[PDB]
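Each remark here refers to the structure printed beneath this line.
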Amino acid sequence: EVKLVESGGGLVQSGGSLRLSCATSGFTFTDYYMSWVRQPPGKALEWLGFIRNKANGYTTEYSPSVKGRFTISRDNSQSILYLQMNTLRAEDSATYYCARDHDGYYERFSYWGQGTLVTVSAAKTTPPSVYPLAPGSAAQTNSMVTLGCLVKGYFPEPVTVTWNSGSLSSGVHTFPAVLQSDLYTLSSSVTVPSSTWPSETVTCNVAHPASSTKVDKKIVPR
Amino acid sequence: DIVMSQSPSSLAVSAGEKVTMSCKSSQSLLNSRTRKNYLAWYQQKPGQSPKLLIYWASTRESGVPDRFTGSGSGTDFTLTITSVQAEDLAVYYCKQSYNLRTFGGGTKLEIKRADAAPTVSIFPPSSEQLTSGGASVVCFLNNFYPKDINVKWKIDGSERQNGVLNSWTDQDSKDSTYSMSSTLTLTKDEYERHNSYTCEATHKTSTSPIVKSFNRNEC
Ligand SMILES: [Mg+2]
Ligand SMILES: [Mg+2]
Ligand SMILES: [Mg+2]
Ligand SMILES: [Mg+2]
């Protein structure tokens with residue numbers, strides 16, 4: 001199974017350095033070029049550079065934008081790609097993706113990781129407070145009931161939110177986080193049949209990588 | 001530095017309609033020996049990692065629907081979606097790999113649809129948040145269209161705007177609607193000094209706001 005997982009992302013201060021990693025599987029890492037591409041929130045994709053295969057000496061090329069600041073290497077034994085970032089700045093805050101590259105000559109590829117978010121900032125890492133959103137004691141309408149989860153006051157992004165460990169997918173709207181001062185707040189709504197809640201369990205699962213925190217908040221009536 | 005210029009910046013059609021987008025390179029991407037144009041097209045759906053649809057300018061990747069066609073040779077290329085589907089909502093990027101790699105600025109594809117009123121729901125602060133001395137009232141405006149909407153908060157019948165945060169989701173790949181969240185945050189003492197909390201949504205779909213509310217002491 002071809003899979004690429006980036007990690008190492010998170011919070012780093014200005015002028016600081018950071019090293020991202022990308023674990024690959026499902027193919028011969030050895031003879032494949034590998035690229036790093038980044039994307040600032042709401043912006044276009046930007047190629048950063050690559051590192052060629054052994055058949056080509058495992059050599060590297062970069063874009064003028066990262067000239068003498070970032071470095072690409074690959075631990076061929078570990079079969080893992082890395083990206084050393086230096087003298088970072090606000091403009092470097094973005095999602096970094098690794099991708100299996102080669103050279104048009106070959107026909108195949110098209111593999112990217114889910115990406116890791118790097119936030120360059122001085123603000124303090126803060127875990128989220130997770131609050132259940134259940135209907136007021138009021139008389140709600142519909143054979144359907146909408147529940148919620150308020151994930152408040154964390155930093156930096158991101159947070160991952162799932163319902164019943166991913167089992168509840170259909171009927172989920174997770175709203176983009178909004179920043180206030182140096183803290184993010186987001187919410188997620190899920191709608192389910194009134195005959196299923198509260199007779200069945202409905203739990204909001206929140207993970208906050210930067211602070212290594214996981215919270216499961218069960219939504220209970222009244 | 002091969003520059004990739006994409007046009008237009010954004011497009012919009014109802015489902016089933018056709019669209020094309022252009023990508024122009026500052027240098028020919030045609031390889032003499034291979035006879036292939038090193039130009040690929042990527043589809044990036046909201047919140048997802050990019051996905052390759054077309055390579056060598058016209059070869060569809062395995063599994064990509066036939067509605068996706070690529071054309072052109074040398075410097076001017078075009079990606080055509082013969083019949084836009086709701087799930088096609090995305091930002092599309094072209095990328096040359098003739099010399100190093102470079103991405104275009106992308107083209108955003110939005111879907112047009114029938115106006116739709118939001119389904120509104122309001123939530124009082126949780127007992128858990130009150131213990132922290134805070135109190136956020138949350139209102140969800142789900143599945144509406146167009147994206148353009150207004151939310152007005154009222155406490156004891158008087159409008160309030162300080163302490164409000166609004167967030168909109170990207171367009172829905174299911175039904176092409178939008179959803180949005182509005183949070184009003186107060187201090188618990190603030191919250192307890194009042195009794196009526198209201199969330200009003202005015203959408204083009206009606207001159208009469210969809211009103212949802214609760215009283216702190218309701219039964
Ligand atoms: Mg929906
Ligand atoms: Mg274009
Ligand atoms: Mg680029
Ligand atoms: Mg007051």
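By order of appearance in the structure tokens: chains A, B, ..., then residues from 1 within every chain, and ligands from 1 in the order shown.
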Stretch 58-73 of chain B environment, 7 Å, only C-alpha atoms, sequence neighbours closer than 6 positions dropped, as a PyMOL selection string: chain B and resi 30+37+52+79-83
Could you pull out the strand (DSSP E) residues of stretch 1-180 of chain A from DSSP and send them as a ChimeraX atom specification? /A:3-7,10-12,18-25,33-39,46-51,60-62,70-75,80-85,94-101,116-120,129-133,144-154,160-163,172-174,178-180
Site check for ligand 1: residues at most 12 Å away, only C-alpha atoms and all ligand atoms, as a PyMOL selection string: (chain A and resi 146+169-174+189-192) or (chain B and resi 118-119+141-144+169-180)
Give me a file of those residues, with N, CA and C atoms, as a CSV table (one decimal), in the first residue's frame.
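Below is the file that was written, part-v2.csv:
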chain,number,residue,atom,x,y,z
A,146,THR,N,-29.8,18.3,16.1
A,146,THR,CA,-28.5,18.7,15.8
A,146,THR,C,-27.7,18.9,17.2
A,169,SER,N,-20.0,10.2,10.2
A,169,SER,CA,-19.4,11.0,9.2
A,169,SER,C,-20.4,11.8,8.4
A,170,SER,N,-21.4,11.1,7.9
A,170,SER,CA,-22.5,11.7,7.2
A,170,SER,C,-23.3,12.6,8.3
A,171,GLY,N,-23.4,13.9,8.0
A,171,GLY,CA,-24.1,14.8,8.9
A,171,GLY,C,-23.2,15.6,9.8
A,172,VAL,N,-21.9,15.7,9.4
A,172,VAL,CA,-20.9,16.5,10.1
A,172,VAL,C,-20.5,17.7,9.4
A,173,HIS,N,-20.6,18.9,10.1
A,173,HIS,CA,-20.1,20.1,9.5
A,173,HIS,C,-19.1,20.7,10.5
A,174,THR,N,-17.8,20.7,10.2
A,174,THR,CA,-16.8,21.2,11.1
A,174,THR,C,-16.3,22.6,10.5
A,189,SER,N,-20.7,20.6,14.1
A,189,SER,CA,-22.1,20.2,14.2
A,189,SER,C,-22.3,18.9,13.6
A,190,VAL,N,-23.2,18.1,14.2
A,190,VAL,CA,-23.6,16.8,13.7
A,190,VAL,C,-25.1,16.7,13.9
A,191,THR,N,-25.8,16.2,12.9
A,191,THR,CA,-27.2,16.0,12.9
A,191,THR,C,-27.6,14.5,12.9
A,192,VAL,N,-28.4,14.1,13.8
A,192,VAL,CA,-28.8,12.7,13.9
A,192,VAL,C,-30.2,12.5,14.2
B,118,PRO,N,-31.3,28.4,5.3
B,118,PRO,CA,-30.6,27.6,6.4
B,118,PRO,C,-31.5,26.9,7.4
B,119,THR,N,-31.0,25.9,8.0
B,119,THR,CA,-31.6,25.2,9.0
B,119,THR,C,-30.9,25.7,10.2
B,141,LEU,N,-26.0,27.7,11.3
B,141,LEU,CA,-26.8,28.0,10.1
B,141,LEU,C,-26.3,27.0,9.1
B,142,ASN,N,-27.1,25.9,8.9
B,142,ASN,CA,-26.6,24.8,8.0
B,142,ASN,C,-27.3,24.6,6.7
B,143,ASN,N,-26.5,24.3,5.7
B,143,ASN,CA,-27.0,24.0,4.3
B,143,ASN,C,-27.8,25.0,3.6
B,144,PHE,N,-27.2,26.2,3.4
B,144,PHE,CA,-27.9,27.3,2.7
B,144,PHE,C,-27.2,27.7,1.4
B,169,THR,N,-18.1,27.3,6.2
B,169,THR,CA,-17.5,26.1,5.6
B,169,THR,C,-17.3,26.4,4.1
B,170,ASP,N,-16.5,25.6,3.5
B,170,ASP,CA,-16.3,25.7,2.0
B,170,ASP,C,-17.6,25.1,1.5
B,171,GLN,N,-17.8,25.2,0.2
B,171,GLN,CA,-19.1,24.7,-0.4
B,171,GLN,C,-19.1,23.2,-0.2
B,172,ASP,N,-20.4,22.7,0.0
B,172,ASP,CA,-20.7,21.3,0.2
B,172,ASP,C,-20.5,20.5,-1.1
B,173,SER,N,-19.8,19.4,-1.1
B,173,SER,CA,-19.6,18.6,-2.2
B,173,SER,C,-20.8,17.7,-2.4
B,174,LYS,N,-21.7,17.6,-1.4
B,174,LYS,CA,-22.8,16.8,-1.5
B,174,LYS,C,-23.9,17.5,-2.2
B,175,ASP,N,-24.4,18.6,-1.7
B,175,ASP,CA,-25.5,19.4,-2.2
B,175,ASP,C,-25.1,20.9,-2.6
B,176,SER,N,-23.8,21.2,-2.7
B,176,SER,CA,-23.4,22.5,-3.1
B,176,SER,C,-23.9,23.6,-2.2
B,177,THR,N,-24.3,23.4,-1.0
B,177,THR,CA,-24.7,24.4,-0.1
B,177,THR,C,-23.6,24.8,0.8
B,178,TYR,N,-23.8,25.9,1.6
B,178,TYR,CA,-22.8,26.4,2.5
B,178,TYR,C,-23.4,26.3,3.9
B,179,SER,N,-22.6,26.3,4.9
B,179,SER,CA,-23.0,26.2,6.3
B,179,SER,C,-22.1,27.2,7.0
B,180,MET,N,-22.6,27.7,8.2
B,180,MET,CA,-21.8,28.7,8.9
B,180,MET,C,-22.1,28.6,10.3
Please, which residues of chain B lie no more than 7 Å from chain A when the count uses only C-alpha atoms, and can they be set out as a VMD selection string? chain B and resid 34 38 49 52 101 to 103 105 to 106 123 to 124 126 128 to 129 167 to 169 180 to 181 214 218 to 219
Output N, CA, C and O atoms for every residue in the selection just made, as a compact mmCIF listing (two decimals), in the first residue's frame.
# COMPACT_ATOMS: atom_id res chain seq x y z
N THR B 34 11.24 12.22 -25.86
CA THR B 34 10.10 11.44 -25.39
C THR B 34 8.85 11.75 -26.18
O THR B 34 7.98 10.90 -26.31
N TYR B 38 5.46 17.72 -20.65
CA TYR B 38 5.47 17.50 -19.22
C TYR B 38 4.61 18.53 -18.50
O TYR B 38 5.10 19.51 -17.90
N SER B 49 -5.51 16.82 0.14
CA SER B 49 -4.19 16.95 -0.47
C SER B 49 -4.47 16.89 -1.96
O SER B 49 -5.45 16.27 -2.39
N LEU B 52 -3.62 14.05 -8.65
CA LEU B 52 -3.29 14.07 -10.08
C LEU B 52 -4.42 13.52 -10.95
O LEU B 52 -4.88 12.40 -10.74
N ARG B 101 10.26 21.89 -11.13
CA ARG B 101 8.81 21.87 -11.08
C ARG B 101 8.24 23.23 -10.75
O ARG B 101 8.84 24.01 -10.00
N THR B 102 7.08 23.54 -11.30
CA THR B 102 6.47 24.80 -10.97
C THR B 102 4.95 24.69 -11.12
O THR B 102 4.46 24.09 -12.06
N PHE B 103 4.22 25.22 -10.15
CA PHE B 103 2.75 25.16 -10.17
C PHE B 103 2.14 26.47 -10.65
O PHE B 103 2.72 27.55 -10.47
N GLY B 105 -1.06 29.28 -10.54
CA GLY B 105 -1.69 29.89 -9.38
C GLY B 105 -3.03 29.27 -9.03
O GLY B 105 -3.65 29.64 -8.01
N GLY B 106 -3.48 28.34 -9.88
CA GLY B 106 -4.74 27.63 -9.66
C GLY B 106 -5.99 28.31 -10.20
O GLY B 106 -6.01 29.51 -10.47
N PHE B 123 -27.61 27.11 20.68
CA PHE B 123 -27.17 26.37 21.85
C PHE B 123 -26.73 27.25 22.99
O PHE B 123 -25.90 28.14 22.83
N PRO B 124 -27.28 27.00 24.18
CA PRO B 124 -26.87 27.82 25.33
C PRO B 124 -25.47 27.35 25.72
O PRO B 124 -25.00 26.29 25.27
N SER B 126 -22.53 25.62 27.77
CA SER B 126 -22.57 24.37 28.53
C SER B 126 -22.30 24.65 30.00
O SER B 126 -21.64 25.61 30.35
N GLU B 128 -20.29 23.16 31.74
CA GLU B 128 -18.84 23.06 31.90
C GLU B 128 -18.11 24.35 31.60
O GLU B 128 -17.18 24.70 32.32
N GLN B 129 -18.51 25.07 30.56
CA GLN B 129 -17.85 26.33 30.26
C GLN B 129 -18.19 27.41 31.29
O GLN B 129 -17.35 28.24 31.62
N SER B 167 -17.86 31.84 11.24
CA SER B 167 -17.03 31.01 10.38
C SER B 167 -17.91 30.28 9.37
O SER B 167 -18.95 29.74 9.74
N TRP B 168 -17.49 30.28 8.11
CA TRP B 168 -18.22 29.62 7.02
C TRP B 168 -17.43 28.41 6.55
O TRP B 168 -16.20 28.47 6.50
N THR B 169 -18.13 27.34 6.17
CA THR B 169 -17.47 26.14 5.64
C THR B 169 -17.30 26.37 4.13
O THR B 169 -17.91 27.27 3.57
N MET B 180 -22.60 27.71 8.16
CA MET B 180 -21.79 28.65 8.86
C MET B 180 -22.11 28.62 10.33
O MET B 180 -23.21 28.25 10.73
N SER B 181 -21.11 29.00 11.11
CA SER B 181 -21.21 29.02 12.55
C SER B 181 -21.04 30.45 13.08
O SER B 181 -20.22 31.23 12.58
N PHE B 214 -33.78 31.11 23.10
CA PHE B 214 -34.08 30.39 24.31
C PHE B 214 -34.05 31.41 25.42
O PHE B 214 -33.53 32.51 25.26
N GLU B 218 -35.77 28.65 30.87
CA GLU B 218 -36.75 27.79 30.21
C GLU B 218 -36.89 26.45 30.87
O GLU B 218 -35.96 25.99 31.53
N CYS B 219 -38.02 25.80 30.61
CA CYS B 219 -38.38 24.47 31.13
C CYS B 219 -38.67 23.49 30.00
O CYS B 219 -38.36 22.29 30.19
Residue set, stretch 56-209 of chain A restricted to helix (DSSP H, G or I), as a ChimeraX atom specification: /A:56,64-66,90-92,164-166,209
Expected file: the selected residues, C-alpha atoms, as a compact mmCIF listing (two decimals), in the first residue's frame:
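Heads up, here's the output in part20.txt:
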# COMPACT_ATOMS: atom_id res chain seq x y z
CA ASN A 56 20.94 9.74 -10.33
CA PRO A 64 14.89 30.51 -5.36
CA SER A 65 12.42 31.06 -2.52
CA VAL A 66 14.24 28.57 -0.28
CA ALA A 90 5.97 34.21 9.26
CA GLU A 91 5.81 33.78 5.50
CA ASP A 92 6.93 30.14 5.99
CA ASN A 164 -17.82 8.41 17.50
CA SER A 165 -14.26 7.81 16.28
CA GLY A 166 -15.14 8.50 12.65
CA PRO A 209 -1.04 17.50 18.06
Mind dumping a table of every chain B residue within 12 Å of ligand 3, with the nearest atom pair and its distance in Å to one decimal, using only C-alpha atoms and all ligand atoms, sorted by chain and rising number, as a tab-separated table?
residue	atom	partner	partner_atom_place_in_ligand_line	distance
B:1	CA	ligand 3	1 (Mg)	9.5
B:2	CA	ligand 3	1 (Mg)	9.3
B:3	CA	ligand 3	1 (Mg)	8.4
B:4	CA	ligand 3	1 (Mg)	8.4
B:5	CA	ligand 3	1 (Mg)	11.0
B:93	CA	ligand 3	1 (Mg)	10.3
B:94	CA	ligand 3	1 (Mg)	9.9
B:95	CA	ligand 3	1 (Mg)	7.8
B:96	CA	ligand 3	1 (Mg)	9.1
B:97	CA	ligand 3	1 (Mg)	10.4
B:99	CA	ligand 3	1 (Mg)	11.7
B:100	CA	ligand 3	1 (Mg)	9.4
B:101	CA	ligand 3	1 (Mg)	6.4
B:102	CA	ligand 3	1 (Mg)	3.6
B:103	CA	ligand 3	1 (Mg)	4.1
B:104	CA	ligand 3	1 (Mg)	6.9
B:105	CA	ligand 3	1 (Mg)	8.4
B:106	CA	ligand 3	1 (Mg)	10.8
All residues 12 Å or closer to residue A:54, only C-alpha atoms, same chain fewer than 4 positions away omitted, as a VMD selection string: chain A and resid 28 to 34 58 to 60 74 76 102
Got time to write the residues from that selection, N, CA and C atoms, as a tab-separated table (two decimals), in the first residue's frame?
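What follows is the written file part17.tsv:
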chain	number	residue	atom	x	y	z
A	28	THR	N	9.32	0.98	-3.98
A	28	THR	CA	10.78	1.06	-3.87
A	28	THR	C	11.23	2.49	-3.65
A	29	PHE	N	11.35	2.90	-2.39
A	29	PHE	CA	11.77	4.27	-2.09
A	29	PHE	C	13.03	4.61	-2.89
A	30	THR	N	13.98	3.69	-2.86
A	30	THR	CA	15.27	3.83	-3.52
A	30	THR	C	15.32	4.54	-4.85
A	31	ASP	N	14.55	4.06	-5.82
A	31	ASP	CA	14.57	4.67	-7.13
A	31	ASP	C	13.36	5.54	-7.47
A	32	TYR	N	13.20	6.60	-6.69
A	32	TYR	CA	12.12	7.57	-6.85
A	32	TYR	C	12.60	8.91	-6.36
A	33	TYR	N	12.34	9.96	-7.14
A	33	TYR	CA	12.69	11.32	-6.72
A	33	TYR	C	11.62	11.61	-5.66
A	34	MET	N	11.88	12.55	-4.76
A	34	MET	CA	10.89	12.91	-3.74
A	34	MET	C	10.89	14.44	-3.66
A	58	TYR	N	21.16	10.72	-5.90
A	58	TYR	CA	20.48	11.31	-4.75
A	58	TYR	C	20.79	12.80	-4.59
A	59	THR	N	20.91	13.50	-5.71
A	59	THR	CA	21.20	14.93	-5.73
A	59	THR	C	19.96	15.80	-5.51
A	60	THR	N	20.17	17.05	-5.13
A	60	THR	CA	19.07	17.95	-4.82
A	60	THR	C	18.98	19.27	-5.60
A	74	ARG	N	17.43	12.20	2.58
A	74	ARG	CA	16.61	11.01	2.69
A	74	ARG	C	17.41	9.92	3.37
A	76	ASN	N	17.85	6.64	3.39
A	76	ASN	CA	17.52	5.50	2.55
A	76	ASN	C	17.33	4.17	3.29
A	102	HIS	N	9.54	11.59	-9.92
A	102	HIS	CA	10.39	10.73	-10.72
A	102	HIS	C	10.98	11.45	-11.94
